[PDB]
Amino acid sequence: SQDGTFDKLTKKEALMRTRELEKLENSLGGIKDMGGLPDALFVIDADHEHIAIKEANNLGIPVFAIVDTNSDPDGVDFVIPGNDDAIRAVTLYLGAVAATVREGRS
Amino acid sequence: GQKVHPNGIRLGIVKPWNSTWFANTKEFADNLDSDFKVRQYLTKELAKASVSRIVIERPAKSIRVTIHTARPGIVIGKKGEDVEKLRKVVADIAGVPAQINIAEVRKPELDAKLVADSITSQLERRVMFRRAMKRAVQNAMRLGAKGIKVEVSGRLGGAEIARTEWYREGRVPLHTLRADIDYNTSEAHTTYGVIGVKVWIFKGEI
RNA sequence: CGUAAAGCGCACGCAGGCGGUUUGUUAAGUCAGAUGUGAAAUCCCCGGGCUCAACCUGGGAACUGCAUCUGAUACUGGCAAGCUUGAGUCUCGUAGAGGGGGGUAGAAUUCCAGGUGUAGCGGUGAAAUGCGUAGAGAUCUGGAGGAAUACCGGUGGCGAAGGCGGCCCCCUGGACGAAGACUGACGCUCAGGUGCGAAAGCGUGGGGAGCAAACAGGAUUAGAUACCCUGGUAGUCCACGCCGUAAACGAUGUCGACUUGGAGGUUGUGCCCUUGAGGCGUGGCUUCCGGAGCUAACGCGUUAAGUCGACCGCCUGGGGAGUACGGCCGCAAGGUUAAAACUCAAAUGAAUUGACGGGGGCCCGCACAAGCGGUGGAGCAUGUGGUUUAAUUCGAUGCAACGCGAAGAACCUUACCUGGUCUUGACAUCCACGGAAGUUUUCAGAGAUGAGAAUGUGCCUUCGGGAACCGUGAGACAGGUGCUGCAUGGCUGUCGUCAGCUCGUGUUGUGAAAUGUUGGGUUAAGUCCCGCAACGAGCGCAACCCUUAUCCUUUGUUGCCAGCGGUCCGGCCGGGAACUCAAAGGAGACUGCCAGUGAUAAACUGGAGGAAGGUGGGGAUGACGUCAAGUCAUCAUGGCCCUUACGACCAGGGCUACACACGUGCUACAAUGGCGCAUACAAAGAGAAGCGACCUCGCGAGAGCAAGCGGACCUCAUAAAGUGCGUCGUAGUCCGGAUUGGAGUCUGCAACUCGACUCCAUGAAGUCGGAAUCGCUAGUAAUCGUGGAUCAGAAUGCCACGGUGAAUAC
């Protein structure tokens, strides 16, 4: 797209291909540079994202969930009783988690 | 019975003709029958040589037969006595001064005549058909071959009812006319009767 | 034991089984030990003897038991005393279609009497039977009578179940709640037993409005002992007695205990600013959904089908059969209890995939509708069935066989029939001998077999032969359009150019399988977007291909002639390369632009430009599979079969037969036409053993001489409907041309069976086609000609080409 043959040979198919990059970019966004299957999983809602918890339990991945009072501690290895749908709560919450991730041995 | 021959619908598009002489109506039938005799002879007498195509062309009262084969050495032989023998008898058949050439088909598992002749030979050495077909698809997909489909048919394994059981791997776009589909067909005369082997090999999209 | 077989229809309750909690005593059950016995053999264990083994045998263990004595006292039981958490009593209220008896009220139906009024009413899919000018139906008034009780009315209530619905009174049962008091385990279940028990039915006596088995009539129908219509008796209603059953069903026995939740309904009640349509609790009954758990699954899920305990009932493959016999009950109908012989290898439950539905939703196609023209009627052509025959060769048979294989049967083709003939053969390969082959002759016969004359050496061989060809002999074989398409390949039809068919990985389910592929839009299209336990991929759709519609570039003959010059006025010539055109190469059309609607998405609707506008028109292209569809007779092919014959050669015949029936076409029935004369405008093709000008002859089919052309040059070859004149005049006619007689031409050895065409004569049937049926959505249908393949000659068929050119689609 941004380097090679994007204007080449068609306008319509080029538009088709670019919106394939919008669809594959927003669905496979963050995971595109992973290259493995990850060593942990941090979900922000346990009932809304039950599929990912079910798979990480299927594969032996530690699930870290902020459950709410409607959710279920399925196979969430590290449950956190919180609030899933408040933006203040999830920005505070992910702020703390992203704060503690970016301390490795450094 | 319903599919077009995938060589014939591509004759002006991508595939060429195996006879490329011009002739008026007086000698069109005679040239054509002379081609049936030289392909009949030259197909029978090179059964071991793994021959793919034989292309006839007639530049001004002389034939120019080109044998696309996989084993050119067994066609030529120790200093090419077999070639000069073959052009002697092709000159006997066609009645014109004959030339003859040999084009080496490298990658012989991508040529459908050689694949169908292979599977046919294995079926008349009484091996099980799923090995022959499945090995043919695997080793053909191994080298290039953007698709391949093989299809044996008829009283397979010596049954009393006839099945087909085709296999395919990759993409074989058979309604696409710019597809370079190399299709060919053989018959295996076994002790239970004829077993038909068709094989389509998709090589490229233009 | 909800649905597979299996929960009594529901209760009350005796005998039976089981029984909260504390203390004391007993010690019956229970436990421990001891003693007596439990015969021997046998089984088991450790040894011993037969050479081993079986066998025999020594000692033990065992004989799971019973009796007695000695103890233990936790549990169960007995006895005595208690205790309240089970059960029950009392006080006060609450809600209720709980029951039984009696009364009353209002709407409505029917009937009766009367007023008005007049031709229908009623009924049905349509009708008719029925009621009605003796006055119906409609309408108003008055009366009688019977049954049921609209609205409230609610997965609301009450009841053990059956069941109970206006309102009021009387007699009466239960439930639940609040606080307190009392009894003190009084409890739970229950075989036999007893009671209650819808509806229909039965008995006696009433009642009888509506409704309605039976019944009758009318229809419907092939029939209609039915459904529908019009009537209509028992019955339904009351009193008393019987019956004793139901899909008497939550297909779920009763009682008790425990085990996450949510939303309601209904009926109590306490507390707290009530300061709402308050808040917070605590009971009883009940509805829906769901968690764990259970379940074959479906589902159940604190009202369990979960986790337990007590007692009862019942089950043991389907049928026979809940039947027969017997008993008991019953007035009867029947109820209850309850087999067997024989017979089958299944019967069954739940769920899955599909198919189907006179199930539902959405959608398409000349599918219907809207139209135009046909077919079925007539004559002929051609194919088929049948019949005939010596043979009428074989194959194709709903759609998808029936001018199909066959793109062309006189002989040939030909496979069939009748005769005449041949046997290593007509067609092969390999031998051995002889001779070059070949070429013109004659006789016999239907051809090949026989009898002769020349020509024979086409090139090499210590010669014994080879190249080519022909006879002869033995073979191994050759040959088979013989059988099996249900043993096959290959090729084909068809559903259907319908939009579908799948796979990998993942997930869900025990599993068959599911998802993806479904859902909201959209599309011609599983097209495309959006969503989504799916993520992707393949075959298919689309595109790439051919053609057609516009423009540009190149080249310009044989093709073209705008501008030029003269012209025998014809592109005819010099010439011109503009134009038509030819053929090669490009441009072009993609929802590209605009407006609006739409999830700001897909897209749809409309507009501009453009030759063309939304897959522009047409074609090619036909997914996985279905029909054990077609072909063994194109070919190939497994097996079977004939191999002096089912193989081969020949002549004549047949495939063309004709009481009949069907399919597909052509020509007609006419005036939108027939005939005569003149005259205009095509496209696409074919052509050397061929197309065959010009000119002469023939009325014509054609004949003679014969140019030109292997071909944008010559020939086939004049397009015809059209138009302009004249005539015919509604007639079986100047329609129609079948049929038949005569005379011919051509092809071909040969037109008798059995060609095509011409000329003269003849001149049927037919006046628009019964039931029914078919094609077509625009250069289409309709109609008019032309060409080609097969082919010596033989098309009304097939495949192509152009001319004129519609109607209609709500």
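Check the entry above for the structure.
Criteria and thresholds
- Residues numbered from 1 in each chain as written, not as in the entry; some residues may be left out.
- Chains lettered and ligands numbered in written order.
- Part of a larger assembly, values for the part shown.
- Heavy atoms only, no water.
- Helix = DSSP H or I, 4+ residues; strand = E, 2+ residues; numbered from the N terminus.
- Rg over C-alpha atoms; globule rule 2.2 N^0.38 Å.
- Buried < 20%, exposed > 50% of the residue type's maximum accessible area, 1.4 Å probe, protein only.
- Contact = heavy atoms within 4.5 Å.
- Areas by Shrake-Rupley, 256 points an atom, 1.4 Å probe, with all protein chains shown as cover.
- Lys, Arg positive; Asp, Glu negative; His and termini not counted.
- Charge placed at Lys NZ, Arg CZ, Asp CG, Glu CD.
- Pairing = 2+ DSSP bridges.
- Axes fitted to C-alpha atoms, helices over the stretch in contact; angles between N-to-C directions.
- Expected span 1.5 Å × (residues − 1).
- Arc of directions from axis to C-beta.

**Notes on the overall build of chain A**
And then number 1: Secondary structure summary: chain A contains three helices and three strands in total.
And then number 2: If you list the helices and strands of chain A from N to C, you get α-β-α-β-β-α.
And then number 3: Rg of the C-alpha trace for chain A: 19 Å, well past the compact-globule value of 13 Å for 106 residues, more than 25% over.
And then number 4: Summarising its shape, the C-alpha atoms of chain A cover approximately 55 × 35 × 30 Å along the three principal directions.
And then number 5: When burial is assessed residue by residue, chain A has 16% of its 106 residues classed as buried.
And then number 6: Of all intrachain contacts in chain A linking residues separated by at least 6 positions in sequence, the fraction that spans at least 24 positions is 19%.
And then number 7: Of the accessible surface of chain A, which amounts to about 8,600 Å², a share of 57% is contributed by carbon and sulfur atoms.
And then number 8: A gap of 12 Å separates the mean positions of the 11 positive and 19 negative side-chain charges of chain A.

**Side note on the sheet that holds strand 3 (residues 78-81) of chain A**
Residues and elements named next belong to chain A.
And then number 1: Pairing in this open sheet of three strands is parallel, and the strands run 1-2-3 from one edge to the other. Two strands in the sheet have a free side with no partner beyond their single neighbour: strand 1 (41-43) and strand 3. For this sheet the average axis-to-axis angle between neighbouring strands, irrespective of direction, equals 15°.
And then number 2: Sheet topology places strand 1 next to strand 2 (residues 63-67); three bridges connect them, and they run parallel. The partner of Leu41 across the bridge, within strand 2, is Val63.
And then number 3: Relative to strand 1, helix 2 (residues 50-59) is tilted by about 160°, and along the sheet it contacts strand 1 and strand 2.
And then number 4: The sheet contacts of helix 3 (residues 87-101) involve strand 1, strand 2 and strand 3, and relative to strand 1 the element is tilted by about 165°.

**Brief notes about the sheet that holds strand 6 (residues 181-190) of chain B**
Residues and elements named next belong to chain B.
And then number 1: In spatial order, the strands read 5-4-7-6; together these four strands make up an open sheet with antiparallel pairing. A single partner strand is all that each edge strand has here, and the edge strands are strand 5 (166-170) and strand 6. For this sheet, the mean inter-axis angle between neighbouring strands, taken without regard to orientation, is 10°.
And then number 2: Here strand 4 (residues 147-153) runs beside strand 5; their pairing, made up of five bridges, is antiparallel. From the neighbouring strand, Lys149 faces strand 5, where its bridge partner is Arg168.
And then number 3: Helix-sheet contacts for helix 4 (residues 112-123) involve strand 4, strand 6 and strand 7 (193-202), and the interaxial angle to strand 6 is about 20°.
And then number 4: Packed on one face of the sheet, helix 5 (residues 129-142) meets strand 4 and strand 5 and runs near 165° to strand 4.

**A few points about helix 3 (residues 81-94) of chain B**
One turn of the α-helix equals 3.6 residues, which is why residues spaced by three or four share an orientation.
Residue and element names in this part refer to chain B.
And then number 1: For helix 3, built from 14 residues, the straight-helix expectation of 20 Å at 1.5 Å per residue is met to within 8% by its first-to-last C-alpha distance of 20 Å.
And then number 2: Considered for burial, the residues of helix 3 that qualify are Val83, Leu86, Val90 and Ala94. Seen from one end, helix 3 has its buried residues packed into an arc of 60°, which puts them on one side. Set apart from the buried face of helix 3 by more than 90 degrees, the exposed residues are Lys88 and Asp92.
And then number 3: For helix 3, the elements touching its buried residues are helix 1 (28-44), strand 2 (64-69), helix 2 (72-76) and strand 3 (99-104).
And then number 4: Backbone geometry just after helix 3 places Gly95 at a positive phi near 75°.

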